[PDB]
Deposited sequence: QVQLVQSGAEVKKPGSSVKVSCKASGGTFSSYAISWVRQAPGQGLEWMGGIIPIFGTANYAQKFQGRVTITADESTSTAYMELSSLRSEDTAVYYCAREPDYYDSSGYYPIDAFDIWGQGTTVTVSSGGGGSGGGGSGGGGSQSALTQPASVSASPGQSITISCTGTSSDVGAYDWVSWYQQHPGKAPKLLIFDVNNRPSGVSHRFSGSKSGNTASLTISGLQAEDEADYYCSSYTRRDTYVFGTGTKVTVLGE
């Protein structure tokens, strides 16, 4: 029953800092990290960094190295992201998400994906006067057929290992994990969704397309540089619906 709830919206001028919190509750499981992922208005997902609360070791995208700090307080089950020296491009919804280890006969194992997401925190930077993974921008299709969405990366992400995932996002909601480890569906995800990859391109197939599948879809991969990257996003429109 694990869930993540984030703090409320912030409005800031350029040059200021913002600190967003993420409170975990509802479970007992402890083998996980927390990542922070942002999304500018009308745009795609961008990974910022993450932390493993049980050690306190944080990792960042190079882009944000030196002006983002991610911390965690185990006593209150809260993670934090502080972004300093704000600028125009920082206007976005900021999400925290769990990066868990699962457990099976192989023992503990990473899914290399984000299964539980916070609801997002809007940060607006006031006006001051002024991708490794690529996807098709859009696909439109009538319901009741199969469609496929592609994700083209490089040898150091999609083409490296099976650490490829897919997310669905409906308007006003956090992304939802549909596929991890190239072709695995989370418990409860429809088996109409399937994943594959060939060389540097991954594919999500949606069979028996339904009206409710109209959404944005993002591929993601871990990388040889110990980071996550996200695709540019594909808008699926279901025709007549």
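Gaps between the deposited sequence and the modelled coordinates occur only at 131-143.
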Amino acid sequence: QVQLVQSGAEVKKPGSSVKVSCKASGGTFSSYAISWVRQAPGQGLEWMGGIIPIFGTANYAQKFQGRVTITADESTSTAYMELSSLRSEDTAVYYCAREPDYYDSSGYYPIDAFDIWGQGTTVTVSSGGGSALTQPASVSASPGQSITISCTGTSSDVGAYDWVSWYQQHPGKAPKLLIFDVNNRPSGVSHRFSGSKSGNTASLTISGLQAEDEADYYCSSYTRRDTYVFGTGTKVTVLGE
From here on, numbers count along this sequence of modelled residues.
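Per-stretch averaging of Cα B factors for 213-221 and 18-26 places 18-26 on top. Averaged over CA atoms, B-factors in the entry run higher in 59-67 than in the other of 203-211 and 59-67. Looking only at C151, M81, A132, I147, the residue with the top Cα B factor in the deposited structure is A132. Across the residues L86, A72, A113, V123, the deposited record lists the maximum Cα B factor for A72. Per the deposited record, the Cα B-factor of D104 falls in the highest third when ranked against the other modelled residues of its chain. When all modelled residues of the chain are sorted by CA temperature factor, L45 is found within the middle third. Looking at the C-alpha B-factors along this chain, the one for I52 belongs to the highest third. Ranked by Cα temperature factor within the chain, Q39 sits in the lowest third according to the deposited record. The entry lists a Cα temperature factor for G172 that places it in the highest third of the chain's modelled residues.
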